[PDB]
6 protein chains.
Amino acid sequence: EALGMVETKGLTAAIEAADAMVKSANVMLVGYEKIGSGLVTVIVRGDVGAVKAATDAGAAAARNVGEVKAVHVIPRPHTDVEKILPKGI
Amino acid sequence: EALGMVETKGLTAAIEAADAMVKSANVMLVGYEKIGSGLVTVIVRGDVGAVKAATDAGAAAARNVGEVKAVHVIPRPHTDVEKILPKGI
Amino acid sequence: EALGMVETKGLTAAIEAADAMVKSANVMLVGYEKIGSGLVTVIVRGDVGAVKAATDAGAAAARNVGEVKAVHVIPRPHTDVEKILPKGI
Amino acid sequence: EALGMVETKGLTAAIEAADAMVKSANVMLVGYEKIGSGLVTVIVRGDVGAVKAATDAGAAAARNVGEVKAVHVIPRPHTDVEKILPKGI
Amino acid sequence: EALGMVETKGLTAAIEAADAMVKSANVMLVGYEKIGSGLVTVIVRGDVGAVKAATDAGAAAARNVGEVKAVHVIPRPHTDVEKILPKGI
Amino acid sequence: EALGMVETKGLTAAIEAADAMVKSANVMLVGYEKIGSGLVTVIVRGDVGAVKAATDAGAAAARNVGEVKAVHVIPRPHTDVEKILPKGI
């Protein structure tokens, strides 16, 4: 299934991206990852069409609240890449 | 229930936002999250009217003590978004 | 009881603030919190008069050793705010 | 076996590097390491030819998503160096 | 007993300060603390005369290796301040 | 025994320093330490002659891959300093 990512500087902007993502399309929220430096990445899974719409809506909503750094979609992540992503853990 | 967020650079400014928030309106303090880089987000729950007043009072009080980065309100966060927020944990 | 906070960039300046605080007035040292980015906040509890004198003495002593970021006093923190502060833990 | 490394500022750019790496050549994804400051390093193992192609494809794909910091290949890491690398842990 | 502190940006400069401190005077190495942002503080205990000589020698040696941020001596730290310092833990 | 240290900004440059160190002279790799801010220090032990050659080779190799911050050698670290260094832990 497709992979969606919205990366922000600040947790507030992230939470906004998350909410806007799940509300906008039929994607499931995997959760958020923080790599320090105030960087937070929100991750969602679903069909490519859904994930694309969600990520667009997420980044849009996030820019209003804070600083958006990265936005990307992977229609079909390699299986090995799955194991470095959470299921919601 | 509504979601309120005040994000500051520095814990001191955050504590001020927190105190001012709960004192100003009938919101419950969920706690604070730190994503590194000195970024701290204070989270509260309550009715939209309460949360809005609290967050306004929080950011105002916080700017006097330190550096306010983000302030946002979500009147009704998606259920999936609930699980990435603490209850007070 | 009153709440006192001295926030510094660097642990050395913090330790100086701490020592100067407890020596200056009758406040109890709750400990120090670090939110990353080199930010360290020293926390004390006591009567408002004591905490005010301590924090003044703390920030003064700290500026000589390092970089002071924030200094604040809350004469009576809301009860909910208590649970996000340590007792000395 | 050869060692491949792609280091990015941001987790999103890293995930892109990872996916592009395993899809491009026959390398196994060891995982990613984060040393703070938003720095994330994706690690792969395989034959030198495979690892070289993967890392090229990884950095290329990553620059489109975010900020690439370092890209390196070690055809035969010393055995002692093995123990400071994960197996996928 | 007296308290000595040498704070550096980088672990290498810190290790140099530590070695130079214990070699220079009769102070016991409590260890080092890191508050993030690359800030590392080396802590020693002993008589004020010893600690003063050690810290001077520490900062001198450290500037040659890296970046020294803070250097301070507390001839007699308050007892409460003791509990926020390690014994070597 | 002698102590060798190579400090880099980024894990990739560090791994390169490590590999180049053990391959260049007869030093044992203690491991690497990260103090945040992307700072990583590679540590090796051996005879002073070996450690000196290793550290030279390490820093040289590391500058090609990334950013080298500090390079230092301690021919005979004080015993107390031993306990703040890993054995390979």
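As a basis for the values below, the full set of heavy atoms in this structure was taken, side chains included, without hydrogen atoms, waters or symmetry mates. Chain A is the first sequence line, chain B the second, and so forth, proteins listed ahead of strands; every chain is numbered from 1.
- Of all the heavy atoms in F:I35 and E:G10, the pair that sits closest is CD1-CA, 3.5 Å.
- Put simply, CD on C:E67 and OG1 on C:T8 are 9.0 Å apart, with the number rounded to the nearest 0.5 Å.
- Of all heavy-atom pairs between A:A18 and B:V81, the closest is C-CG2, 4.2 Å.
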*Quick one: do E:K69 and E:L39 satisfy side chain to side chain contact (heavy atoms under 4.5 Å, CB included)? Show the steps, please.*
CA-CA 8 Å; E:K69 313 303 260 159; E:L39 294 180; 3.8 Å; yes

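- Of all the heavy atoms in A:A14 and A:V40, the pair that sits closest is CB-CG1, 3.7 Å.
- Within a 6.0 Å sphere centred on NZ of A:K83, other residues, nucleotides and ligands contribute more than 12 heavy atoms.
- Within the 4.5 Å cutoff, side-chain heavy atoms of D:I84 are placed close to those of F:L29.
- With salt bridges taken as basic N to acidic carboxylate O contacts below 4.0 Å, none links A:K34 and A:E7.
- Counting all heavy atoms, side chain and backbone alike, A:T12 lies closest to B:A70 at CB-CB, 3.8 Å.
- Here the side chains of A:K9 and A:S37 are not in contact, with every heavy-atom distance at 4.5 Å or above.
- Annotation: side chain of F:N64 is not in contact with side chain of D:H72 (no heavy-atom distance under 4.5 Å).
- Taken to the nearest 0.5 Å, the OH atom of C:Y32 stands 12.0 Å off from the CD1 atom of C:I43.
- The structure places CG of C:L3 at 8.0 Å from CG of B:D19, a figure rounded to the nearest 0.5 Å.
- Side-chain contact check for E:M28 versus E:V22: every heavy-atom pair is 4.5 Å or farther apart.
- Of the charged side-chain nitrogens involved, at least one lies within less than 4.0 Å of a carboxylate oxygen, so that D:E82 and D:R45 count as a salt-bridged pair.
- When side chains are defined from C-beta on, E:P86 counts as touching E:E33, because their heavy atoms get closer than 4.5 Å.
- Residues C:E16 and E:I74 have side chains in contact (heavy-atom distance under 4.5 Å, counting atoms from C-beta outward).
- In this structure, CG on D:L85 lies 8.5 Å from CG on F:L11, to the nearest 0.5 angstrom.
- Nearest heavy-atom pair, E:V30 versus E:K87, reported as atom, atom and distance to 0.1 Å: CG1-C, 4.0 Å.
- How far NZ of F:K52 is from OG of F:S24: 13.0 Å, rounded to the nearest 0.5 Å.
- For the pair C:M21 and C:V6, the minimum side-chain heavy-atom distance is below 4.5 Å.
- For the atom pair CD1 of A:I15 and OG1 of B:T41, the computed distance is 8.0 Å after rounding to the nearest 0.5 Å.
- What you find for E:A20 and E:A57 is that their closest heavy atoms are CB-O, 3.8 Å.
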